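Peer 1: Just dropping in an experimental structure and the matching sequence.
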Amino acid sequence: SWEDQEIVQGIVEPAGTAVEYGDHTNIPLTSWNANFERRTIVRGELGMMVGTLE
Amino acid sequence: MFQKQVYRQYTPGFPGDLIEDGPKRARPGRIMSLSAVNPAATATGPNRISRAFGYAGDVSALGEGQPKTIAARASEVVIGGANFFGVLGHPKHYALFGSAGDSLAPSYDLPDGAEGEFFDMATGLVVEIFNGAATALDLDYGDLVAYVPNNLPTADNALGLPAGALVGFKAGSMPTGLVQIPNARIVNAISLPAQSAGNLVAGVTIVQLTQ
């Protein structure tokens, strides 16, 4: 909206590898991570000055 | 084959099994081969159930090229590795293959390259323990556990103990060359008679608490 500062996009990375099965073995677990991506808004300006004789 | 006798009570358990239920930690692994062991690997063992195995690398990666798929966190363990991995157990997990033609012959040996359940810690585990000396020994509640390694020198292993055989010693009496399982305790109390290298009486199975 020309006054906002940043635009943000989310990314999620899952995680987890299988393990061989065992009745009394430890249960492996899956998980995930999340990062956010910011792009800054740049405002440029340009002007003019005009005179009567010009 | 069947009961040739009658005792006043049943045995508390069989080696490799769990008697007490509580906090436990176990991991899977592949049996590898003492032949594949790069170094001399003196101690020799038949992948018996009640033996303490050692880590010997990983087999997570699959394939033969540069792009390899890590399918699973797979541990590749050996019977007497110095890096203690866990005591093999839970015989009901596995399939009986027999012994030398007789497909129904009794066998407590896991074939090479098979998968086993190695208890890293357990409230109660039945383990075969051995004698670290040629004299009679008494194991009580406050007794420690040390397993034979793969590279136990011939001078130290005078009795010719198996590869991963758990011994069972008293504070400050660990048979030489033997490596200790940390925080391992002999829960039930037993007596091992005097033994020699030729006799090597199989020490009676014992309840043990690990970590």
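Peer 2: Sure, I can see it. Numbers count the residues shown, from 1 in each chain, chains lettered A, B, ... in the order given.

Peer 1: List the beta-bridge partners for the residue positioned nearest the centre of chain A.
Peer 2: Centroid-nearest residue in chain A: residue A:37, 1.8 Å away (criterion: Cα atoms, centre = their mean). Counting by DSSP bridges, residue A:37 is bridged to residue A:9.

Peer 1: contacting residues for it?
Peer 2: Residue A:37 sits next to A:8-11 when contact means Cβ atoms under 8 Å, 6 or more residues apart in numbering or on different chains. No exception for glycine: its C-beta is placed from N, CA and C like everyone else's.

Peer 1: next one: residue B:131
Peer 2: Residue B:131 neighbours (Cβ under 8 Å, 6+ apart): B:137, B:159, B:167-168, B:192, B:195, B:201, B:203.

Peer 1: Can you get me a residue count around the closest residue to it other than its chain neighbours?
Peer 2: Distances taken as Cβ to Cβ, 6 or more residues apart in numbering or on different chains put residue B:192 closest to residue B:131, at 4.9 Å, once the chain neighbours are dropped. A count of nearby residues for residue B:192, using other Cβ atoms under 10 Å in any protein chain shown, gives 21.

Peer 1: And for residue B:93?
Peer 2: Counted with other Cβ under 10 Å, residue B:93 comes out at 18.

Peer 1: repeat for residue B:34
Peer 2: For residue B:34, using other Cβ under 10 Å, the count is 20.

Peer 1: quick revisit: which ones among the contacts of residue B:131 lie within strands?
Peer 2: B:137, B:192 (DSSP state E).

Peer 1: ranking the contacts of residue B:131 by neighbours, who comes first?
Peer 2: Counting neighbours by other Cβ under 10 Å, residue B:168 comes out on top of those with 26 neighbours.

Peer 1: ok, now which ones touch it?
Peer 2: Counting by Cβ under 8 Å, 6+ apart, residue B:168 has contacts B:129-132, B:137, B:139, B:143-146, B:186, B:203, B:206.

Peer 1: need these in TSV with secondary structure, can you?
Peer 2: Converted to TSV, the contacts of residue B:168 look like this (DSSP: H, G, I helix; E, B strand; the rest coil):
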residue	secondary structure
B:129	strand
B:130	coil
B:131	coil
B:132	coil
B:137	strand
B:139	strand
B:143	coil
B:144	strand
B:145	strand
B:146	strand
B:186	strand
B:203	coil
B:206	strand
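
Peer 1: Format these as a markdown table; extra columns: distance to residue B:61.
Peer 2: Formatted as a markdown table, these follow (distance: Cβ to Cβ, whole Å):
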| residue | distance to residue B:61 |
| --- | --- |
| B:129 | 37 |
| B:130 | 37 |
| B:131 | 42 |
| B:132 | 39 |
| B:137 | 45 |
| B:139 | 43 |
| B:143 | 42 |
| B:144 | 38 |
| B:145 | 34 |
| B:146 | 34 |
| B:186 | 40 |
| B:203 | 40 |
| B:206 | 39 |
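
Peer 1: Strands of chain B, start to end?
Peer 2: Going by DSSP E, chain B shows strands at B:25-30, B:52-58, B:61-62, B:69-70, B:75-78, B:84-89, B:115-127, B:137-139, B:144-147, B:179-186, B:190-192, B:206-210.

Peer 1: list the buried ones in the second one?
Peer 2: Same thing as strand B:52-58. Buried residues in strand B:52-58, counted by 16 or more other Cβ atoms under 10 Å in any protein chain shown: B:52-56.

Peer 1: Give me the helices and strands touching it, please.
Peer 2: In this structure, strand B:52-58 packs against strand B:75-78, strand B:84-89, with contacts taken as 3 or more Cβ pairs under 8 Å, 6 or more residues apart in numbering or on different chains; DSSP states H and E.

Peer 1: Enumerate the residues of chain B near chain A.
Peer 2: Counting by Cβ under 8 Å from any Cβ of the partner chain, the residues of chain B close to chain A are B:18, B:24-28, B:60, B:70-74, B:89-90, B:92-93, B:115, B:117, B:119.

Peer 1: How far away from the center of its chain is stretch B:130-145?
Peer 2: 16 Å (Cα atoms, centre = their mean, to the nearest Å).

Peer 1: If you could redo that for stretch A:15-34, that was the one I meant.
Peer 2: The answer for stretch A:15-34 is 28 Å, by Cα atoms, centre = their mean.

Peer 1: All set now, cheers.
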